[PDB]
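Shown next, in structure tokens, is the structure this report addresses.
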Ligand SMILES: *[C@@H]1O[C@H](CO)[C@@H](O)[C@H](O)[C@H]1NC(C)=O
Ligand SMILES: *[C@@H]1O[C@H](CO)[C@@H](O)[C@H](O)[C@H]1NC(C)=O
Ligand SMILES: *[C@@H]1O[C@H](CO)[C@@H](O)[C@H](O)[C@H]1NC(C)=O
Ligand SMILES: *[C@@H]1O[C@H](CO)[C@@H](O)[C@H](O)[C@H]1NC(C)=O
Ligand SMILES: *[C@@H]1O[C@H](CO)[C@@H](O)[C@H](O)[C@H]1NC(C)=O
């Protein structure tokens, strides 16, 4: 038998196969099963609020028509051109941008027709989808990105979309992301859509991403910590040289604020206060406080010199010098402990919060 | 009865349905009713002066022709391909950029034909529209963005566009914007368009947006305030160390001006003066003034030392030292009160202005 | 009479109307009149050297053919599809980039055919055109942007383009630009084009734009002026504290140069020197000079102390102290006047120059 | 004989050549040989993680059909239009983005048909491909970029892709890259692909790139080194002037941290620590240490002055002054040697590592 | 005679003119002459390494067929639609990106057919081409950009491309570039291309560009020079105030390095060292040296004070003070001369190098 004659006889002009009519017309809804494979992942940034993912989509649906039953081979592979003739289920994404088809040399379309008439439709597309990311705790957070598939033109009746029981979602082997760690759970659930026009079927896929904490520490935590240590050490020493101390304090504050502003640049603007903000604020507060401590000591010293200028003045010389020294000596030991205890408190609360969430 | 034979018989070659002729030709204008649903909102920035909104557009118009009256089911769903054959009303937007149709797998088009011949036409498109935003008061403002729909090719006679009395505009459930809060009023009004060629119908939709004040405070108000406090405190203490004071003042001024310039970067250039500008200017003025106060005190001290170099000089020693001290002592208490009163005045006037507008 | 039969009879297969033949073939050139309406203006920046303008273009030309003379109504509105059949005059822009047609729902095309056969062709397009902007005086300048329309395929003979005597160019009501003020003159002139291939008709439209001076003052003039005042005041006071003075001078210079470099960033690079450059250079020169004045005074003081170390030395003590003081006292009063006179000179010359140009 | 009659007779309606049927149907897989020539290379950046390469692709496959055997000339050149009629093997790239065909004047397609029926298919395309670059050692690294060719629609059976034994990959003469040096090895290997649908043939090409070290030294190594030298020299001198020393140290630290942050900007974020990070950290540590050394000396000096204020005090004057001087004198000579030895260690270990890898 | 009947008779179905056959088949190669006119030039930047040029391309080739010889007029103008029917020579560019055709209202195509059958084909296109720019000497350099035209599908035999003897390349009148000055030489040469497939004809056009030196001086040379002068002057004065001197030196160095880094930003990274780099390095070296000179003087002064603390000490007081003063006095006069001589040497060598190259 010739292949060409069969190929046109099955889906051509002699065949009553109209691509405008749904299969099993005036009948029970056509069940469609969807299998998704992730070729690659990437392009995730906070400002953009979207992720670009390359995916291979497989759609399988039963067709009573086109059941030739005259060829020994179980299935027949077919060309991309043949797909236009066949009836195709509509697919839409709830948050779809871009998604242009790849057409290098030939369109990337695969058609397989089984003897029973089950049809496999395969396409490769790059989807950019909006992700409603959570910016609550910037250093450590878990982000879930959801992909939703709906039927734009058909109601719940006459077309139902279902997930594949085994191997519904696959991922490319040895695929990694520089910023996030993908979690191997991939929970899938389906939520129907209600509109004024009607009720439309939908299915959802959920992906969990974990941030890598390594970059943030080196980029932000380490410089701030070194700055804080420098300020404290320098402030405690060179007490007699008051211009030297005040100049150091002010420069340290200026660097702290500029660094904090620099830190808040890559991410977008939100009303709520992030953990990084909290850390910057406390560090700035400590650096701020140090200068006030020096100012108080300088004021007390000024009082001592003026009164001395005014035995009766050595009656108060020991008192004022001892008081000022008692301030400096206590402050010097006191501040790192009252900083270490906060640092420990901060890390433990965030660690338990991440563990429970 | 076969579906295919009916489907071509209704809108094909045997039917005199020409897609080049308006329905009810030489007759009263065709009333078209439009329903708009907002899938998503986003991409609003001052420099761009545009907003990107994903929308679902439903157009309903009465057609005397295509009233088959031979099928028991009330309405028939139809394919996107069928739409080209049917006559379609022209739609244009007064400020339209981009707006390319989404065509993933199949074009996102829905056609529903009722027995009476009313036709529902549904399309999903992303429109970028210019918004004439008001930049009067940068921290707190209400922005209204308007969307206008007009008929490019047809005059007021032979095509009229009207709003749906109930549920004219719907919004996606649980839809939020990071920067703005959408207001649930959505006032709709229609303004006709007059041109040299003729009079064309139009309809307008108005959306109200409220800025979130949380980010601006942390980003700008808090650093400026800390800087101002540091400068005042430091200036009042370490009075004897004049190089220390002058150096602090100058560094503080330099940070103030650079921060102000940095603040004026995200937004575009306008002739009028914004509230943020006013706040930066007063803070800079206070920081500026402090240095002049120190300079005056230093000059008086210089006069005291030169005259002393010249009892007759202790006749004026008490006077000059007392005068200089009286300056420093009064200035020190005086400046925060004369700053707090302004801050209170500023916030109350802006709060009443936002409330009334 | 049926509309469809007439519509194909007028411009179809029975009609000898070939869209490949120019009307009035072997005859006098076809006069075409063009009317332009500006929907919106915007996107003007120095670096890009182009402006994006949305425009509605109306082309009117006389056609002897298609003069039906059998329908009572004076004119017939026609669909966009009908336009392809009709012969259309070629239009080109001398400096055209982009200019993609807007095609939302239906193509934005209007066709009107009068009984006499005059044809009105209407299109809406967004044109990006290069503008040869003048960057001579950055703060105040008048920019003229020219739009040129030419016939790419046809010579001067057989197609002439002319302007409409009344209402040739219209602008959208209540249309404003944030940076520039449009001038309501809109002088139109036409210049023919000569090429090796032949002579081609062209028409030109000129638009005048005036810069808003409000933003530039606040952004650049005010910070530089405050810096200059601070430097002068601080330099004159705290004369005894030489490290304090030198440190202030150097920091002030560093801010001046960085601010000047920052200023020269938004605009492109040009050989000629702009007014803003002149202002920055003089301000930098004044700030520069101040330090040299302090250095000279310090050198004289050094000479006084060394000679004193060497009555015979109080013979020269009064002379050296008086000379140094005479320098500081004169310099202090002298510099603002010699700055105010320049500022007055600068503004008056630029104001007269802008007024005359 | 006429050329036109032959040209349609060979591949037209009288010929049974259907472009929907694979050659040698129900037969051994069709061997396809691929030759690749690199027109140009460029656009390689770390953030993008992709490279843009212009390539000329030659596909040669045996066809039993179209073996005319009636023309004396060995091969016939054919037009791009003729290609659509012929059956064409599908080609896909594992990591393909963009890759739009170039179509200036005519499509860039070459067809050559030999007498035996071997067919040469030639196309020019620009491919952007993701490269999994290694960011372990930023200054010196070797990057390998892989290009993979697979058959999307056909399994391993019925289409096999093989490399050309001689001159498989050619490069344009005199082609250079500013950043990287291409290595003339170009190892080619093929790895089959296994999927749920089936087994698909693939071939891989590997390119080796070597970074140029010249820019990085001047940009980063030289400024850091000069800064370190300045800090050490300045710290050792001007020991009596403690405010001068502390101010120098702090400014030097501030520049070091800002420079380090600036350095980490061009490249993306990764968890692991790069060599440049290690170099910045040690330099910052040295600069940091210097200040602590000065602080310790200042503290000892303070102890000496307080005890002196309290012979019995000249019993300890020599001891304290000698101890402080012994610190400064040893530290001064000690630090460059303990810096030179590290620098030598660093360079030798990286040089051996690059040589072995 | 009717025009339509002739127009289809010449190039239609009755005519044996097949657009798939080369003219003069089995005959001598078809000579094609190319004329290029430059509408505009622009978009040249170092990072991009490409230039965008708008060009009008004229192709003239002899056709024996289509020689009607029955119309009195010498040449017939024809529509863009007619071009598809005619055989067209393939054109390709060696380094072509973008180059999309402009299609506003009508496609910008001109066809002219002479009586002898010579055919003129005219197209307007914007070509972005890679330019292998030389970055050896950044301030002054001459850049040559080459445009190459080749035949993708045809070998040297059967299609030859040649230049027009007179007026081969024309430029638009009054066309200027802000950065570069075009040179009116425009040397044209042709180099054949050899490939594995065959030998292909090519032609090349060379354009010479000269940089404008005005911007670079103001942007970079002037600030560096002022900084150098400030540092030298300030260092020489205020010798007794060592903290003041060291602080000035360090701040000056910090500005120098940041300015140098800022300078190296607009351009890309290259291994070789540019002239601007050389200038920055020497200026940094001078500024660096000054601090070391001050440190040496301070060390000598320290030696003098310690020995004095230890007549026998006034035996060495004169010697040490005289030596330190001799250093400062010589250094002060010595450095500008040893800077002026270098500046003169630098400019003369670059000027002769530019003149000879
Ligand atoms: C799809 O599945 C449901 C539940 O298994 C079934 O009731 C329905 O008939 C199916 N639809 C078909 C077979 O078209
Ligand atoms: C549209 O509505 C108006 C007002 O209700 C009516 O006068 C007009 O006839 C309507 N147009 C039709 C029915 O075509
Ligand atoms: C166009 O106008 C000119 C001048 O009015 C006239 O000479 C010419 O005949 C006109 N062209 C026509 C009527 O085709
Ligand atoms: C391709 O090559 C293999 C191994 O040389 C051979 O077995 C096979 O038959 C070939 N395929 C053909 C000739 O179609
Ligand atoms: C093209 O020119 C060459 C040299 O003038 C000539 O030999 C050749 O015959 C020409 N090709 C033609 C006329 O087709």
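Chains as they are written, first to last, in full-length UniProt numbering: chain A, 32 to 341, 394 to 440; chain B, 32 to 341, 394 to 440; chain C, 32 to 341, 394 to 440; chain D, 32 to 341, 394 to 440; chain E, 32 to 341, 394 to 440. Every residue gets a Cβ at the ideal spot worked out from N, C-alpha and C, and that includes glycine.
- Your pair residue 302 of chain D and residue 243 of chain A checks out as a contact, with CB atoms roughly 5 Å apart and the cut at 8 Å.
- For residue 90 of chain D, the uninterrupted beta strand (DSSP E) run begins and ends at 81 to 93, by DSSP.
- Under the Cβ criterion of 8 Å, residue 133 of chain E is counted among the residues facing chain C.
- Counting of Cβ neighbours within 10 angstroms places residue 180 of chain C among the buried residues, the total reaching 16 or more.
- One finds 285 in chain A with Cβ atoms closer than 7 Å to the Cβ of residue 286 of chain B, taken in chain order.
- Restricting attention to B:103, B:256, B:321 and B:100, the CA atom closest to the CA of residue 281 of chain B is found in B:321.
- Fully contained in the segment 183 to 212 of chain C are the following beta strand (DSSP E) runs of length 3 or more, in chain order: 190 to 194 and 200 to 202.
- Residue 171 of chain D carries a coil assignment under DSSP once its states are collapsed to helix, strand and coil.
- With fewer than 16 other CB atoms across the displayed protein chains lying within 10 angstroms of its CB, residue 216 of chain C is exposed.
- Residue 243 of chain A reaches chain D at 302, counting residues in chain order whose Cβ is nearer than 7 Å.
- Residue 328 of chain E is not a Cβ neighbour of residue 262 of chain E, given a cutoff of 8 Å.
- When distances are taken from the beta-carbon of residue 55 of chain A to the heavy atoms of ligand 1, the shortest one is below 7 Å.
- The beta carbons of residue 65 of chain E and residue 192 of chain E sit about 6 Å from each other, so the pair counts as a contact at 8 Å.
- For the set D:39, D:178, D:298 and D:43, the Cα lying nearest the Cα of residue 78 of chain D is the one of D:298.
- Per DSSP, reduced to three states, the secondary structure at residue 153 of chain E is strand.
- Beyond the five residues adjoining it in sequence on each side, residue 49 of chain B comes within less than 6 Å, by CB distance, of no other residue in the same chain.
- Spanning the alpha carbons of residue 58 of chain C and residue 160 of chain B requires a straight line of approximately 47 Å.
- Not one heavy atom of ligand 3 lies closer than 7 Å to the C-beta of residue 150 of chain C.
- Residue 277 of chain D reaches chain A at 265, 269, 275 and 279, counting residues in chain order whose Cβ is nearer than 7 Å.
- Put simply, the CB of residue 67 of chain E is far from chain D, with every gap to its CB atoms at 8 Å or more.
- Annotated as proximal: residue 72 of chain A and residue 84 of chain A, with beta-carbon spacing under 8 Å.
- In terms of beta-carbon proximity, residue 299 of chain C stays away from the interface with chain B, with every pair separated by 8 Å or more.
- Residue 188 of chain E has its CB no nearer than 7 Å to any heavy atom of ligand 5.
- By the Cβ test, the segment 87 to 95 of chain E is in contact with the segment 140 to 158 of chain E, since at least three Cβ pairs between them sit closer than 8 Å.
- Residue 249 of chain C sits buried, since 16 or more C-beta atoms from the chains shown fall within 10 Å of its C-beta.
- The three-state secondary structure of residue 180 of chain E, taken from DSSP, is strand.
- Of the candidates C:111, C:187 and C:307, the residue whose Cα lies closest to the Cα of residue 144 of chain C is C:111.
- Those residues that have a beta carbon less than 5 Å away from any non-hydrogen atom of ligand 2 are, in order along the chain, B:59 and B:62.
- With its beta carbon less than 8 Å from one in chain C, residue 322 of chain B belongs to the interface.
- Minimum Cα-Cα distance from residue 207 of chain C among the listed residues B:164, B:171, B:439 and B:292 corresponds to B:164.
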